[PDB]
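A short write-up of the structure that comes next.
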Amino acid sequence: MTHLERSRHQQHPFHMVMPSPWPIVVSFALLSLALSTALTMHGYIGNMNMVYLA
Amino acid sequence: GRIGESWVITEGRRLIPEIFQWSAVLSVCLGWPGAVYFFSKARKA
Amino acid sequence: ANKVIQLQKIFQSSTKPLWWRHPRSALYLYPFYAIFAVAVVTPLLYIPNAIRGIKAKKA
Amino acid sequence: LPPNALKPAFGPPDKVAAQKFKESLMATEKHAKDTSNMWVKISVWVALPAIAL
Amino acid sequence: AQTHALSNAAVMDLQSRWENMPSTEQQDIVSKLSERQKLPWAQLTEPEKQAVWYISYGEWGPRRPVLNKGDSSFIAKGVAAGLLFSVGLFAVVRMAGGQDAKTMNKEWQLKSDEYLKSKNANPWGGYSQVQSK
Amino acid sequence: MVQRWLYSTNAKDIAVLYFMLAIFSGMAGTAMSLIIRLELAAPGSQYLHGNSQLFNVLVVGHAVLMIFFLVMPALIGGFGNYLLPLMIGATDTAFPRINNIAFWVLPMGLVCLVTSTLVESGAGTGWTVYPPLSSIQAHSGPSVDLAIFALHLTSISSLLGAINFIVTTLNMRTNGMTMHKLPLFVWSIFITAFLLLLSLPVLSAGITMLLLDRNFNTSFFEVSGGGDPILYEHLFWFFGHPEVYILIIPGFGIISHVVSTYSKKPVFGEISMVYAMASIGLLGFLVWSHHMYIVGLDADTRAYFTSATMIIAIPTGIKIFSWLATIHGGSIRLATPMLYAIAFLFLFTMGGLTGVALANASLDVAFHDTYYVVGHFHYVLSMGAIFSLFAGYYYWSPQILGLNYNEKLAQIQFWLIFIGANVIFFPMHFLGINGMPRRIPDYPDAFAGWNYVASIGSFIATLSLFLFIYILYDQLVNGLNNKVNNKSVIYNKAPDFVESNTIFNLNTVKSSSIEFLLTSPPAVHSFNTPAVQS
Amino acid sequence: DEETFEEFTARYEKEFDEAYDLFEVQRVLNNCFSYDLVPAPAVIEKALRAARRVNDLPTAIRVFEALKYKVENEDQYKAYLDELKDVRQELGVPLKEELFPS
Amino acid sequence: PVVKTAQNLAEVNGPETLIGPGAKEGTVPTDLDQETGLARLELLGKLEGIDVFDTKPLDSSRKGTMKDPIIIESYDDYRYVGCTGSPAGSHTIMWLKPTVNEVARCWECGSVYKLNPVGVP
Amino acid sequence: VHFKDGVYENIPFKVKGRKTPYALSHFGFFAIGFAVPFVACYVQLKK
Ligand code: HEA
Ligand code: HEA
Ligand SMILES: CCCCCCCCCCCCCCCC(=O)OC[C@H](COP(=O)([O-])OCC[N+](C)(C)C)OC(=O)CCCCCCCCCCCCCCC
Ligand SMILES: [Cu+2]
């Protein structure tokens, strides 16, 4: 029992990570920030509070 | 006992066709632009 | 401390996502992105809809 | 005492590697402590007055 | 039982077409051949030696080359069709687009080379620049 | 599909996503370059009635997508994360969330470029972003900012990929593999990781200061304040020169692998070639300003730079001699990856020697920023990226997915795309040697026939790509029917002409790569016990 | 490159000595034909004896074809003629006079 | 439920069941039973003489014939092990695919390999 | 992640189902690919 679990978890320092949404949410946040800054510095709306919230 | 070759005989009889074929290949690969130049109205012909 | 071992045992017993640490924060943050980013990216292409169509054809 | 049918992943025997690794760990710790103390001493001796000047 | 002089339809079938027969009597015939080979050769007849050479040498399956029994003809036909299709599509799209250029016509080139002669430009070269009707 | 694909954390399931993104980007870019070539077939506004800014933006999109958005995810990311952890024998790469965030940070770059081209402003300053042309003085609108964010996200993804490759190679390599027996492709990708690591920060910082100049009403490199854009152009060339090695070195590794396996003989002094790639990577930093001879710097500096270039040229020639010795004195099977490798070793070598001739300090007076340089780099980009990707696909596709491809279709596809590439890129050197300018929607009426032949070759190439995507469709839909019949080759290794075929049943696929000895693709967390080499 | 033939030759006969089945015979034959070293008639006779021990005449056909065409050797023939006739009439393995006229 | 000493490596059930008690103030705890993660399985072992992920190569010198084929310990169904000749590096880098039922050979090396798994129910 | 055979799960495709015989998806791949060049040409000028 000990040998099989040691071999199956020894060279595997990576957890069985759940469907973590970190990459998609961080990519979505960066894209929103980029497009917001591009639209605000020179565009149609000069809004500043909501880009600060982003 | 040096049977047959005499390297020169087979050497020439084998490379001469190959070098001729390669020269023809290069001639075609350089004459296709020449063929285009001839076919096009380069001299109003 | 006095809560680390018990919390680890509970987590091992209940193999569930969200890591149990910040459920309220996750429930607060999940709808905010959908409410904010979608509604701020829709104008980006909605406003130039009338602006679009400049052919500038010349002859 | 978890069961083990044939072997509990025994691997290599308890050779001289155990005391070698212990000696490596203690040598690393002693080196870190000695270098920290020596740097503190040379700092409070000459480096700190020079920095203050 | 170490049959001797296996002169049957199996040997000619093996030499004629091996892949055709349905991969089931293969084990039987090769086992018989090896059983004969266990005893000394004693001048094997032509069909048996031909059969064992065909089995062991190849010209089938793994020994079948990347070039098939004449698919190079298909390759040539396909490449010719590809060139024809590409040139036809380019011709039709260029016809659809049309031309709206006020030069490349003969008069422009003749005036250009007349001015080139007047200014004496590129004397050791080609004064004619037409390239089109 | 969202539960496992959109939320993946597996290199196995993300390599195919990399491949799909790469092929989609490549086909879109080929269609868009088709548009670019078609509007340039004849002088005038044949298809683009005015608005040369549109042509400029089209060119910028083409170059950017070809450089950072098509080939980088394919051989760096897509091939690396499906070959390196597999060849190592480790179950999974270290912290695959790096790979996931590197993958997911791409698409908004595509959407920002498409929306920047959609707006009237556009980014029409070339793929180079030399100031002040990209600033508010000439090009306004968010297009510049969107392109800057796209290159920033691509750089971050490349850095993360290099992080994962470096950590996987150095920290959890298998016991059997050591320093003196490590294969070629992984050495190539590790050296590329070094070069990427040492090249990304300079572009990041310099482009950050350009953005700050555009925003903070300041100018560090623009003349409005006393700055000089020459400094930024040194920095940009310092980044750019290692980039071509970054995109060409994994190609070198895969080409070495395929020629070594297809010659039925081992490598020719693997130590010599790995030293050659290491020397190339280390010497890539000595020519940081070799691309900018046009200013008129001191003669000693130009002599030093041309000496550095001629020194850099030597390892490439030695490595070419290494492939030539590898293919010499060995059995040859004319399979399609070998055809790609041969086309590489011919045309890439010719392009590289032409560039070596161009590497002269005083020779930029006639060729720089002309069609000669585009004829130069199109050669190497096609050889080391397009053909290298085709070879890798046709060389691992039957096993990485279990689906075979039509050999006849592959042969006709290679022939079509090879002849198309030749007939497209050859006349460009004749345009360049005359002294024609670059990046102009309209040109004088001297070289119209060459533009026409380039256009017909482009149509041949796009028809070849259509045939290629049809081949992908057929492989994905009729792999089972193709495996049973004689439509394709099921053993890339014909048995030696001394051995019987019946013994060959146990000797199916034997080479110097472990993933070939694997069965049909198993679960992601395979490799329960790491491989050991005696 | 200044490599003695005797060492590898003796290695070849020693390997053929313990020829339990055809696998080691085939691998050693492939190794021998891998070098530019043209096999001696002695090692060829040893290989044929081992093939007789393992009882596979097609292996003898393959090795005879390999000796007929392995390297150009300036197109030497009489050497091939003697090196084939000695081993054909030493014991008798009639195989060449059949595949050619077929 | 509570802290586990885990002094021996044959008395731990569950990798996460052991965290490692520490000290808040005073002196540093000794690096024996105060590590979080499976790191103790290797550090305590190498403290007592047990190594992890052995790099020892197999018997390259032995040719592994049918009488005494070499033995590789792997409880998995398949294995990726091969031969490099009698010395460390002699011929091309190569490996085999041993399986539970039949065997495999090293081709040009001729080193017959065998898969030897531990008994399983 | 260990519940997949290792045959067709590596691609986001599905043979089963009459919604798409791998033709609607393939045509859609052409559509999404050819979007950017033609829309880029069309937004400021003619095709
Ligand atoms: C990946 C690199 C790559 C590729 C494939 C191409 C493909 C082509 N390129 Fe381009 N090009 C560049 C990289 C590339 N280019 C760069 C970096 C610039 C710089 C911009 C500048 O200089 O200012 C440039 C600029 C450039 C110009 C400058 C235009 C101007 O002066 O403004 C021209 C026109 O002369 C041109 C022509 C072509 C043509 C006809 C093809 C044709 O070959 C298109 C047909 C396609 C192929 C034959 C290859 C197939 C492509 C694939 C993606 C296959 C898909 C499958 C896989 C990837 C597995 N390219
Ligand atoms: C795939 C990408 C790639 C690769 C591999 C290369 C490889 C090389 N490149 Fe190029 N290059 C580009 C992509 C690439 N390049 C791009 C995108 C530009 C910019 C164009 C633009 O600005 O628009 C450029 C520009 C560029 C310039 C300036 C032109 C300019 O842009 O204005 C020069 C000249 O100095 C040059 C030289 C070389 C040399 C010498 C090699 C060599 O490393 C080639 C290696 C191969 C060989 C050298 C073959 C081996 C030779 C031998 C067999 C030995 C013979 C010689 C000796 C005796 C040693 N390149
Ligand atoms: C400026 C552009 C010109 C462009 C000119 C284009 C010409 C037309 C295309 C020619 C391309 C040559 C390769 C054709 C593909 C092919 O299959 O080649 C191999 C064939 C072998 O023969 P096969 O086609 O398989 O038919 C065999 C028939 N059996 C054996 C039953 C009797 O063997 C052959 O086809 C013959 C040998 C090839 C020799 C190549 C060298 C060139 C000389 C060829 C001379 C004869 C053909 C041309 C006659 C006009
Ligand atoms: Cu450079």
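Chain identifiers are assigned as A, B, and so on, following the order in which chains appear in the structure tokens; residues are numbered from 1 within each chain, and ligands are numbered from 1 in order of appearance.
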If you count only C-alpha atoms and all ligand atoms, which residues end up within 6 Å of ligand 2, as a compact mmCIF listing (two decimals) with N, CA, C and O atoms, in the first residue's frame?
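Saved result, selection_1.txt, follows:
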```
# COMPACT_ATOMS: atom_id res chain seq x y z
N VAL F 244 14.57 35.79 -34.29
CA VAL F 244 14.63 34.88 -35.43
C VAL F 244 15.32 33.58 -35.02
O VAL F 244 14.92 32.49 -35.45
N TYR F 245 16.35 33.67 -34.18
CA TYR F 245 16.95 32.46 -33.62
C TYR F 245 15.95 31.72 -32.75
O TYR F 245 15.91 30.48 -32.76
N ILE F 248 13.85 29.82 -35.04
CA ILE F 248 14.54 28.92 -35.96
C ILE F 248 15.21 27.75 -35.25
O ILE F 248 15.48 26.72 -35.87
N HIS F 291 22.00 45.60 -37.54
CA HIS F 291 20.90 45.87 -38.46
C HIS F 291 20.73 47.35 -38.78
O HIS F 291 19.85 47.69 -39.57
N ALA F 313 28.08 33.26 -38.64
CA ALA F 313 27.77 32.42 -39.79
C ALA F 313 28.44 31.05 -39.71
O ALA F 313 27.93 30.08 -40.28
N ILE F 314 29.58 30.95 -39.01
CA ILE F 314 30.34 29.70 -39.01
C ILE F 314 29.58 28.54 -38.37
O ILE F 314 29.51 27.46 -38.99
N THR F 316 26.46 27.90 -38.14
CA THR F 316 25.38 27.45 -39.02
C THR F 316 25.92 26.57 -40.13
O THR F 316 25.32 25.53 -40.46
N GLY F 317 27.05 26.95 -40.72
CA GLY F 317 27.66 26.11 -41.75
C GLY F 317 28.15 24.78 -41.20
O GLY F 317 28.03 23.74 -41.86
N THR F 349 19.37 27.21 -46.58
CA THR F 349 20.80 27.44 -46.75
C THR F 349 21.07 28.52 -47.79
O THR F 349 21.94 29.38 -47.59
N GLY F 352 20.20 31.83 -46.19
CA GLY F 352 21.19 32.21 -45.19
C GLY F 352 22.49 32.67 -45.80
O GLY F 352 23.12 33.61 -45.31
N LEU F 353 22.93 32.03 -46.89
CA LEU F 353 24.15 32.48 -47.54
C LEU F 353 23.94 33.82 -48.24
O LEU F 353 24.85 34.66 -48.26
N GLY F 355 21.94 36.10 -47.07
CA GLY F 355 22.01 37.04 -45.95
C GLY F 355 23.44 37.28 -45.48
O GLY F 355 23.79 38.39 -45.09
N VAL F 356 24.26 36.23 -45.49
CA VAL F 356 25.67 36.37 -45.14
C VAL F 356 26.36 37.32 -46.11
O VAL F 356 27.16 38.18 -45.71
N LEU F 358 24.78 39.66 -47.67
CA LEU F 358 24.20 40.95 -47.29
C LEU F 358 24.76 41.49 -45.99
O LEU F 358 24.70 42.70 -45.75
N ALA F 359 25.34 40.63 -45.15
CA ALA F 359 25.80 41.03 -43.82
C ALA F 359 26.99 41.99 -43.87
O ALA F 359 27.49 42.41 -42.83
N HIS F 368 19.21 47.38 -48.06
CA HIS F 368 18.47 47.59 -46.83
C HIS F 368 17.11 48.23 -47.10
O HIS F 368 16.99 49.14 -47.92
N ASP F 369 16.09 47.72 -46.41
CA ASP F 369 14.73 48.27 -46.48
C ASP F 369 14.19 48.24 -47.91
O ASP F 369 13.42 49.11 -48.33
N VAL F 373 15.69 42.42 -48.76
CA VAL F 373 15.63 41.93 -47.38
C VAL F 373 14.36 41.12 -47.14
O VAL F 373 14.38 40.16 -46.36
N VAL F 374 13.25 41.48 -47.79
CA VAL F 374 12.04 40.68 -47.63
C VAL F 374 12.19 39.34 -48.32
O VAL F 374 11.76 38.31 -47.80
N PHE F 377 14.27 37.31 -45.70
CA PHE F 377 13.69 36.71 -44.50
C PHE F 377 12.47 35.86 -44.82
O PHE F 377 12.13 34.98 -44.03
N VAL F 380 13.79 32.20 -45.03
CA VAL F 380 14.07 31.52 -43.77
C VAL F 380 12.79 31.33 -42.95
O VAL F 380 12.63 30.31 -42.27
N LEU F 381 11.88 32.30 -43.00
CA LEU F 381 10.61 32.15 -42.28
C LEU F 381 9.80 30.99 -42.85
O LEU F 381 9.18 30.23 -42.10
N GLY F 384 12.01 27.52 -41.91
CA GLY F 384 12.09 27.13 -40.51
C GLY F 384 10.80 27.16 -39.74
O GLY F 384 10.75 26.65 -38.61
```
*asked:* as a ChimeraX atom specification, could you give me every residue of chain E near chain G (at most 8 Å apart, counting only C-alpha atoms)?
replied: /E:37-38,43,46,49-50,52-53,56-57
*May I ask you to extract the residues of chain G within 10 Å of chain H, using only C-alpha atoms, and to give them as a VMD selection string?*
chain G and resid 20 23 to 31
Identify, on the basis of only C-alpha atoms, every residue whose closest approach to residue 44 (chain H) does not exceed 12 Å; exclude the query and any residue fewer than 2 positions from it along the same chain; express the result as a PDB file with N, CA and C atoms, in the first residue's frame.
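The result, stored in result-v7.pdb:
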```
ATOM      1  N   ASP D  14      19.884   1.550   4.758  1.00  0.00           N
ATOM      2  CA  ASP D  14      20.353   2.650   5.599  1.00  0.00           C
ATOM      3  C   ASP D  14      21.878   2.661   5.581  1.00  0.00           C
ATOM      4  N   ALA D  18      22.944   8.624   5.267  1.00  0.00           N
ATOM      5  CA  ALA D  18      22.159   9.330   6.276  1.00  0.00           C
ATOM      6  C   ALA D  18      23.021  10.316   7.058  1.00  0.00           C
ATOM      7  N   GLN D  19      24.144   9.839   7.603  1.00  0.00           N
ATOM      8  CA  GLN D  19      25.025  10.734   8.342  1.00  0.00           C
ATOM      9  C   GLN D  19      25.713  11.730   7.419  1.00  0.00           C
ATOM     10  N   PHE D  21      24.224  13.190   4.834  1.00  0.00           N
ATOM     11  CA  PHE D  21      23.236  14.247   4.650  1.00  0.00           C
ATOM     12  C   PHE D  21      23.066  15.073   5.920  1.00  0.00           C
ATOM     13  N   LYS D  22      23.109  14.422   7.087  1.00  0.00           N
ATOM     14  CA  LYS D  22      23.064  15.168   8.341  1.00  0.00           C
ATOM     15  C   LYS D  22      24.256  16.109   8.465  1.00  0.00           C
TER      16      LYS D  22
ATOM     17  N   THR H   5       3.190  12.304  15.186  1.00  0.00           N
ATOM     18  CA  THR H   5       4.647  12.365  15.256  1.00  0.00           C
ATOM     19  C   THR H   5       5.280  11.881  13.956  1.00  0.00           C
ATOM     20  N   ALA H   6       4.793  10.758  13.425  1.00  0.00           N
ATOM     21  CA  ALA H   6       5.283  10.191  12.166  1.00  0.00           C
ATOM     22  C   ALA H   6       6.797  10.001  12.191  1.00  0.00           C
ATOM     23  N   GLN H   7       7.303   9.477  13.310  1.00  0.00           N
ATOM     24  CA  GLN H   7       8.738   9.242  13.433  1.00  0.00           C
ATOM     25  C   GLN H   7       9.210   8.195  12.432  1.00  0.00           C
ATOM     26  N   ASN H   8       8.400   7.170  12.194  1.00  0.00           N
ATOM     27  CA  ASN H   8       8.717   6.126  11.233  1.00  0.00           C
ATOM     28  C   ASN H   8       7.935   6.348   9.944  1.00  0.00           C
ATOM     29  N   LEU H   9       8.531   5.929   8.828  1.00  0.00           N
ATOM     30  CA  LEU H   9       7.886   6.061   7.528  1.00  0.00           C
ATOM     31  C   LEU H   9       6.884   4.951   7.245  1.00  0.00           C
ATOM     32  N   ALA H  10       6.796   3.942   8.112  1.00  0.00           N
ATOM     33  CA  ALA H  10       5.859   2.838   7.949  1.00  0.00           C
ATOM     34  C   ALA H  10       4.668   2.960   8.895  1.00  0.00           C
ATOM     35  N   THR H  30      13.343  21.388  15.438  1.00  0.00           N
ATOM     36  CA  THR H  30      14.255  20.586  14.638  1.00  0.00           C
ATOM     37  C   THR H  30      13.556  20.090  13.376  1.00  0.00           C
ATOM     38  N   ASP H  31      14.333  19.955  12.301  1.00  0.00           N
ATOM     39  CA  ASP H  31      13.793  19.576  10.995  1.00  0.00           C
ATOM     40  C   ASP H  31      13.542  18.068  10.924  1.00  0.00           C
ATOM     41  N   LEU H  32      12.660  17.599  11.805  1.00  0.00           N
ATOM     42  CA  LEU H  32      12.269  16.194  11.835  1.00  0.00           C
ATOM     43  C   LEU H  32      10.792  15.985  11.539  1.00  0.00           C
ATOM     44  N   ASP H  33       9.901  16.640  12.280  1.00  0.00           N
ATOM     45  CA  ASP H  33       8.462  16.431  12.135  1.00  0.00           C
ATOM     46  C   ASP H  33       7.726  17.767  12.159  1.00  0.00           C
ATOM     47  N   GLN H  34       8.213  18.733  11.377  1.00  0.00           N
ATOM     48  CA  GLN H  34       7.582  20.046  11.318  1.00  0.00           C
ATOM     49  C   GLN H  34       7.538  20.585   9.891  1.00  0.00           C
ATOM     50  N   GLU H  35       7.409  19.702   8.905  1.00  0.00           N
ATOM     51  CA  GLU H  35       7.391  20.076   7.498  1.00  0.00           C
ATOM     52  C   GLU H  35       6.018  19.780   6.909  1.00  0.00           C
ATOM     53  N   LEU H  38       4.648  16.327   1.399  1.00  0.00           N
ATOM     54  CA  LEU H  38       5.292  15.008   1.408  1.00  0.00           C
ATOM     55  C   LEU H  38       6.799  15.096   1.477  1.00  0.00           C
ATOM     56  N   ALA H  39       7.340  16.282   1.768  1.00  0.00           N
ATOM     57  CA  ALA H  39       8.786  16.435   1.842  1.00  0.00           C
ATOM     58  C   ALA H  39       9.389  15.592   2.956  1.00  0.00           C
ATOM     59  N   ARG H  40       8.615  15.298   4.006  1.00  0.00           N
ATOM     60  CA  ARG H  40       9.172  14.507   5.096  1.00  0.00           C
ATOM     61  C   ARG H  40       9.498  13.095   4.635  1.00  0.00           C
ATOM     62  N   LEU H  41       8.693  12.542   3.719  1.00  0.00           N
ATOM     63  CA  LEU H  41       8.927  11.187   3.229  1.00  0.00           C
ATOM     64  C   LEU H  41      10.330  11.021   2.666  1.00  0.00           C
ATOM     65  N   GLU H  42      10.903  12.077   2.091  1.00  0.00           N
ATOM     66  CA  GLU H  42      12.277  11.992   1.613  1.00  0.00           C
ATOM     67  C   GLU H  42      13.291  12.542   2.606  1.00  0.00           C
ATOM     68  N   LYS H  46      16.197  10.204   4.138  1.00  0.00           N
ATOM     69  CA  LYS H  46      17.619  10.454   3.936  1.00  0.00           C
ATOM     70  C   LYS H  46      18.316  10.845   5.231  1.00  0.00           C
ATOM     71  N   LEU H  47      17.555  11.240   6.254  1.00  0.00           N
ATOM     72  CA  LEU H  47      18.120  11.390   7.589  1.00  0.00           C
ATOM     73  C   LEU H  47      18.373  10.035   8.236  1.00  0.00           C
ATOM     74  N   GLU H  48      17.547   9.037   7.921  1.00  0.00           N
ATOM     75  CA  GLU H  48      17.698   7.696   8.465  1.00  0.00           C
ATOM     76  C   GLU H  48      18.296   6.709   7.471  1.00  0.00           C
ATOM     77  N   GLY H  49      18.524   7.121   6.225  1.00  0.00           N
ATOM     78  CA  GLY H  49      19.187   6.265   5.260  1.00  0.00           C
ATOM     79  C   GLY H  49      18.285   5.700   4.181  1.00  0.00           C
ATOM     80  N   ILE H  50      17.299   6.479   3.743  1.00  0.00           N
ATOM     81  CA  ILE H  50      16.381   6.067   2.688  1.00  0.00           C
ATOM     82  C   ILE H  50      16.372   7.144   1.613  1.00  0.00           C
ATOM     83  N   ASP H  51      16.660   6.748   0.377  1.00  0.00           N
ATOM     84  CA  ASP H  51      16.713   7.675  -0.744  1.00  0.00           C
ATOM     85  C   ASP H  51      15.441   7.579  -1.581  1.00  0.00           C
ATOM     86  N   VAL H  52      15.244   8.585  -2.428  1.00  0.00           N
ATOM     87  CA  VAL H  52      14.042   8.724  -3.240  1.00  0.00           C
ATOM     88  C   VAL H  52      14.457   8.991  -4.681  1.00  0.00           C
TER      89      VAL H  52
END
```
_In chain A, DSSP helix (DSSP H, G or I) residues written as an MDAnalysis selection string_ = chainID A and resid 2:10 22:41 49:53
Hey, could you make a per-residue contact list for chain B against ligand 3 with 10 Å as the cut-off, showing the nearest pair of atoms and its distance in Å to one decimal, counting only C-alpha atoms and all ligand atoms, sorted by chain and number, as a tab-separated table?
```
residue	atom	partner	partner_atom_place_in_ligand_line	distance
B:21	CA	ligand 3	41 (C)	7.5
B:22	CA	ligand 3	41 (C)	9.9
B:24	CA	ligand 3	42 (C)	8.6
B:25	CA	ligand 3	41 (C)	8.4
B:27	CA	ligand 3	1 (C)	9.9
B:28	CA	ligand 3	1 (C)	6.3
B:29	CA	ligand 3	1 (C)	8.5
B:31	CA	ligand 3	1 (C)	7.7
B:32	CA	ligand 3	1 (C)	6.1
B:33	CA	ligand 3	1 (C)	9.8
B:34	CA	ligand 3	1 (C)	9.9
B:35	CA	ligand 3	1 (C)	7.5
B:36	CA	ligand 3	1 (C)	9.8
```
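Counting from CA of residue 79 (chain F), the distance to CA of residue 13 (chain F) is 12.4 Å.
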*Would you name the residues within 12 Å of ligand 4, counting only C-alpha atoms and all ligand atoms, and put them as a VMD selection string?*
chain F and resid 234 236 to 245 283 to 293 305 to 306 308 to 310 312 to 313 352 355 to 356 358 to 360 373 376 to 377
*Would you mind listing what lies within 10 Å of residue 33 (chain A) as a PyMOL selection string, with only C-alpha atoms counted and same-chain residues fewer than 4 positions away left out?*
(chain A and resi 27-29+37-39+51-54) or (chain C and resi 37) or (chain F and resi 149)
Next, write the just-selected residues to a file, as a CSV table (one decimal), in the first residue's frame, keeping N, CA, C and O atoms as the atom set.
```
chain,number,residue,atom,x,y,z
A,27,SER,N,-7.2,36.8,-17.7
A,27,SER,CA,-7.1,37.3,-19.1
A,27,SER,C,-8.3,38.2,-19.4
A,27,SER,O,-8.1,39.3,-20.1
A,28,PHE,N,-9.5,37.9,-18.9
A,28,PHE,CA,-10.6,38.8,-19.1
A,28,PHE,C,-10.4,40.2,-18.4
A,28,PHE,O,-10.7,41.2,-18.9
A,29,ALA,N,-9.8,40.2,-17.2
A,29,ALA,CA,-9.5,41.4,-16.5
A,29,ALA,C,-8.4,42.2,-17.3
A,29,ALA,O,-8.6,43.4,-17.4
A,37,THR,N,-8.5,51.5,-20.9
A,37,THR,CA,-7.5,52.5,-20.9
A,37,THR,C,-7.4,53.1,-22.3
A,37,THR,O,-7.3,54.3,-22.5
A,38,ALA,N,-7.4,52.2,-23.4
A,38,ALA,CA,-7.4,52.7,-24.7
A,38,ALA,C,-8.5,53.6,-25.1
A,38,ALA,O,-8.4,54.6,-25.7
A,39,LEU,N,-9.7,53.3,-24.6
A,39,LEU,CA,-10.9,54.1,-24.9
A,39,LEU,C,-10.9,55.4,-24.1
A,39,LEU,O,-11.5,56.4,-24.5
A,51,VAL,N,-12.9,52.6,-14.7
A,51,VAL,CA,-11.6,52.0,-15.1
A,51,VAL,C,-10.7,51.8,-13.8
A,51,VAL,O,-9.9,50.9,-13.7
A,52,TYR,N,-10.8,52.7,-12.9
A,52,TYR,CA,-10.1,52.6,-11.6
A,52,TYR,C,-10.6,51.3,-10.9
A,52,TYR,O,-9.8,50.6,-10.3
A,53,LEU,N,-11.9,51.1,-10.9
A,53,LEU,CA,-12.5,49.9,-10.3
A,53,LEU,C,-12.0,48.6,-11.0
A,53,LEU,O,-11.8,47.6,-10.4
A,54,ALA,N,-11.9,48.7,-12.4
A,54,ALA,CA,-11.4,47.5,-13.1
A,54,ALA,C,-9.9,47.2,-12.7
A,54,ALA,O,-9.5,46.1,-12.5
C,37,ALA,N,-17.6,44.3,-17.1
C,37,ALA,CA,-16.8,44.2,-18.3
C,37,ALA,C,-17.6,44.0,-19.5
C,37,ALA,O,-17.3,44.7,-20.6
F,149,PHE,N,-0.6,46.5,-26.2
F,149,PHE,CA,-1.1,45.5,-25.2
F,149,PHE,C,-1.0,44.1,-25.8
F,149,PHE,O,-0.7,43.2,-25.1
```
*To one decimal place, how far is atom 37 (C, counted along the ligand's line) of ligand 1 from CA of residue 424 (chain F) in Å?*
8.0 Å
*Taking only C-alpha atoms and all ligand atoms into account, report as number ranges by chain which residues have an atom no farther than 7 Å from an atom of ligand 1.*
F: 22-23, 26-27, 29-30, 33-34, 37, 56, 59-60, 62-64, 66-67, 70-71, 126-127, 374, 378, 381-382, 385-386, 389-390, 417, 420-421, 424, 438-440, 454, 458, 461-462, 465
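Atom pair CA of residue 3 (chain E) / CA of residue 36 (chain E) has a distance of 7.6 Å (rounded to one decimal).
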*Show me which bits of chain H are within 6 Å of chain F, counting only C-alpha atoms, as a VMD selection string.*
chain H and resid 55 57 to 58 60 80 to 81 83 94
_Contacts of region 190-205 of chain F at 9 Å (only C-alpha atoms; same-chain gap of 4+ positions) as an MDAnalysis selection string_ = chainID F and resid 76 151:152 155:156 158:159 161:163 165:166 169 185:186 209:210 235:236 238:240 242:243 245:247 249:250 277:278 281:282 284
With a cut-off of 10 Å, could you pull out the residues of chain A touching chain D and give me the nearest pair of atoms for each, distance in Å to one decimal, using only C-alpha atoms, ordered by chain and ascending number, as a Markdown table?
```
| residue | atom | partner | partner_atom | distance |
| --- | --- | --- | --- | --- |
| A:1 | CA | D:4 | CA | 5.3 |
| A:2 | CA | D:8 | CA | 5.5 |
| A:3 | CA | D:9 | CA | 4.4 |
| A:4 | CA | D:9 | CA | 8.0 |
| A:5 | CA | D:9 | CA | 9.6 |
| A:6 | CA | D:9 | CA | 7.6 |
| A:7 | CA | D:9 | CA | 8.3 |
```
*Please provide as a PyMOL selection string all residues within 12 Å of residue 12 (chain C), with the sequence filter that same-chain residues fewer than 6 positions apart are discarded (counting only C-alpha atoms).*
(chain C and resi 5-6+19-20) or (chain H and resi 1+14-18)
